file upload17.pdb (PDB, C-alpha atoms)
ATOM      1  CA  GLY A   1     117.740 106.592  91.709
ATOM      2  CA  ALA A   2     114.573 107.908  93.336
ATOM      3  CA  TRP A   3     114.648 104.831  95.570
ATOM      4  CA  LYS A   4     118.322 105.247  96.462
ATOM      5  CA  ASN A   5     117.706 108.842  97.544
ATOM      6  CA  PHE A   6     115.701 107.561 100.512
ATOM      7  CA  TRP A   7     118.486 105.218 101.618
ATOM      8  CA  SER A   8     120.956 108.105 101.439
ATOM      9  CA  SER A   9     118.891 109.990 104.017
ATOM     10  CA  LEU A  10     118.682 107.137 106.526
ATOM     11  CA  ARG A  11     122.448 106.677 106.265
ATOM     12  CA  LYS A  12     123.197 110.302 107.145
ATOM     13  CA  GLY A  13     120.686 109.991 109.970
ATOM     14  CA  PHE A  14     122.123 106.870 111.585
ATOM     15  CA  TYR A  15     125.599 108.345 111.127
ATOM     16  CA  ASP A  16     124.735 110.843 113.861
ATOM     17  CA  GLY A  17     123.316 108.213 116.194
ATOM     18  CA  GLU A  18     125.750 105.360 116.781
ATOM     19  CA  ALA A  19     129.030 106.995 115.761
ATOM     20  CA  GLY A  20     128.096 109.885 118.030
ATOM     21  CA  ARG A  21     129.096 107.709 120.975
ATOM     22  CA  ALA A  22     132.053 105.911 119.394
ATOM     23  CA  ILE A  23     133.631 105.950 115.935
ATOM     24  CA  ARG A  24     136.355 103.350 116.472
ATOM     25  CA  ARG A  25     135.776 102.234 120.062
TER      26      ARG A  25
END
call {"tool": "encode", "arguments": {"input": "upload17.pdb", "output": "structure tokens"}}
result
Amino acid sequence: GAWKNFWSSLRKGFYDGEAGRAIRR
């Protein structure tokens, strides 16, 4: 729980880093 919360943040962060350039390509 409390440990998973941290992982949830990183995910949302990276989501706007790599996908920002290409989502499928």
call {"tool": "atom_distance", "arguments": {"input": "upload17.pdb", "atom1": "atom CA of residue 1 of chain A", "atom2": "atom CA of residue 17 of chain A"}}
result
25.2 Å
call {"tool": "atom_distance", "arguments": {"input": "upload17.pdb", "atom1": "atom CA of residue 6 of chain A", "atom2": "atom CA of residue 21 of chain A"}}
result
24.5 Å
call {"tool": "atom_distance", "arguments": {"input": "upload17.pdb", "atom1": "atom CA of residue 23 of chain A", "atom2": "atom CA of residue 7 of chain A"}}
result
20.9 Å
call {"tool": "build_atoms", "arguments": {"input": "upload17.pdb", "residues": "segment 2-25 of chain A", "atoms": "N, CA, C and O atoms", "output": "mmCIF file, keeping the file's coordinate frame"}}
result
data_model
loop_
_atom_site.group_PDB
_atom_site.id
_atom_site.type_symbol
_atom_site.label_atom_id
_atom_site.label_comp_id
_atom_site.auth_asym_id
_atom_site.auth_seq_id
_atom_site.Cartn_x
_atom_site.Cartn_y
_atom_site.Cartn_z
ATOM 1 N N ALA A 2 115.554 107.355 92.411
ATOM 2 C CA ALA A 2 114.573 107.908 93.336
ATOM 3 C C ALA A 2 114.458 107.051 94.592
ATOM 4 O O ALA A 2 114.135 107.553 95.669
ATOM 5 N N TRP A 3 114.723 105.759 94.446
ATOM 6 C CA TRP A 3 114.648 104.831 95.570
ATOM 7 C C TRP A 3 115.913 104.901 96.417
ATOM 8 O O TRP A 3 115.866 104.729 97.637
ATOM 9 N N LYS A 4 117.043 105.154 95.767
ATOM 10 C CA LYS A 4 118.322 105.247 96.462
ATOM 11 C C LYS A 4 118.393 106.520 97.300
ATOM 12 O O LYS A 4 119.046 106.551 98.343
ATOM 13 N N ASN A 5 117.719 107.567 96.837
ATOM 14 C CA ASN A 5 117.706 108.842 97.544
ATOM 15 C C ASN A 5 117.250 108.658 98.989
ATOM 16 O O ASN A 5 117.808 109.256 99.908
ATOM 17 N N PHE A 6 116.233 107.824 99.181
ATOM 18 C CA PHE A 6 115.701 107.561 100.512
ATOM 19 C C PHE A 6 116.761 106.921 101.404
ATOM 20 O O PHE A 6 116.952 107.328 102.550
ATOM 21 N N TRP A 7 117.446 105.916 100.870
ATOM 22 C CA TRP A 7 118.486 105.218 101.618
ATOM 23 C C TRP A 7 119.593 106.179 102.037
ATOM 24 O O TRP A 7 120.146 106.063 103.130
ATOM 25 N N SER A 8 119.911 107.125 101.160
ATOM 26 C CA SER A 8 120.956 108.105 101.439
ATOM 27 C C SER A 8 120.624 108.913 102.689
ATOM 28 O O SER A 8 121.507 109.252 103.475
ATOM 29 N N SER A 9 119.342 109.218 102.865
ATOM 30 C CA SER A 9 118.891 109.990 104.017
ATOM 31 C C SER A 9 119.095 109.205 105.310
ATOM 32 O O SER A 9 119.725 109.690 106.251
ATOM 33 N N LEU A 10 118.560 107.992 105.349
ATOM 34 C CA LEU A 10 118.682 107.137 106.526
ATOM 35 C C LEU A 10 120.140 107.012 106.958
ATOM 36 O O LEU A 10 120.454 107.095 108.144
ATOM 37 N N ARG A 11 121.024 106.813 105.986
ATOM 38 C CA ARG A 11 122.448 106.677 106.265
ATOM 39 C C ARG A 11 122.966 107.881 107.048
ATOM 40 O O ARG A 11 123.546 107.733 108.123
ATOM 41 N N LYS A 12 122.753 109.072 106.500
ATOM 42 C CA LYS A 12 123.197 110.302 107.145
ATOM 43 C C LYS A 12 122.576 110.444 108.532
ATOM 44 O O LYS A 12 123.179 111.019 109.436
ATOM 45 N N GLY A 13 121.367 109.915 108.691
ATOM 46 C CA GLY A 13 120.686 109.991 109.970
ATOM 47 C C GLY A 13 121.316 109.095 111.018
ATOM 48 O O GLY A 13 121.610 109.540 112.128
ATOM 49 N N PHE A 14 121.525 107.832 110.665
ATOM 50 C CA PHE A 14 122.123 106.870 111.585
ATOM 51 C C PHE A 14 123.571 107.241 111.895
ATOM 52 O O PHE A 14 124.093 106.911 112.959
ATOM 53 N N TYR A 15 124.212 107.931 110.956
ATOM 54 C CA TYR A 15 125.599 108.345 111.127
ATOM 55 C C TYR A 15 125.759 109.216 112.370
ATOM 56 O O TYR A 15 126.806 109.206 113.017
ATOM 57 N N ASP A 16 124.713 109.967 112.696
ATOM 58 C CA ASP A 16 124.735 110.843 113.861
ATOM 59 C C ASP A 16 123.958 110.226 115.020
ATOM 60 O O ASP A 16 123.315 110.932 115.795
ATOM 61 N N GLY A 17 124.019 108.902 115.129
ATOM 62 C CA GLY A 17 123.316 108.213 116.194
ATOM 63 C C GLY A 17 124.202 107.231 116.936
ATOM 64 O O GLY A 17 124.284 107.263 118.162
ATOM 65 N N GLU A 18 124.868 106.356 116.187
ATOM 66 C CA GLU A 18 125.750 105.360 116.781
ATOM 67 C C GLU A 18 127.177 105.893 116.889
ATOM 68 O O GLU A 18 127.807 105.801 117.943
ATOM 69 N N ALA A 19 127.680 106.446 115.791
ATOM 70 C CA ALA A 19 129.030 106.995 115.761
ATOM 71 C C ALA A 19 129.181 108.138 116.759
ATOM 72 O O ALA A 19 130.283 108.431 117.220
ATOM 73 N N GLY A 20 128.065 108.781 117.089
ATOM 74 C CA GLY A 20 128.096 109.885 118.030
ATOM 75 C C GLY A 20 128.687 109.491 119.367
ATOM 76 O O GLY A 20 129.240 110.328 120.081
ATOM 77 N N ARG A 21 128.570 108.211 119.711
ATOM 78 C CA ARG A 21 129.096 107.709 120.975
ATOM 79 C C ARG A 21 130.512 107.168 120.798
ATOM 80 O O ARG A 21 131.375 107.369 121.651
ATOM 81 N N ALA A 22 130.742 106.480 119.683
ATOM 82 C CA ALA A 22 132.053 105.911 119.394
ATOM 83 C C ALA A 22 132.226 105.664 117.899
ATOM 84 O O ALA A 22 131.360 105.070 117.255
ATOM 85 N N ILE A 23 133.346 106.123 117.353
ATOM 86 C CA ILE A 23 133.631 105.950 115.935
ATOM 87 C C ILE A 23 134.498 104.719 115.694
ATOM 88 O O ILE A 23 134.303 103.990 114.722
ATOM 89 N N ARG A 24 135.457 104.494 116.587
ATOM 90 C CA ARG A 24 136.355 103.350 116.472
ATOM 91 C C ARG A 24 136.209 102.423 117.675
ATOM 92 O O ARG A 24 136.342 101.205 117.551
ATOM 93 N N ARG A 25 135.937 103.008 118.837
ATOM 94 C CA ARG A 25 135.776 102.234 120.062
ATOM 95 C C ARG A 25 134.358 101.679 120.173
ATOM 96 O O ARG A 25 134.164 100.502 120.480
#
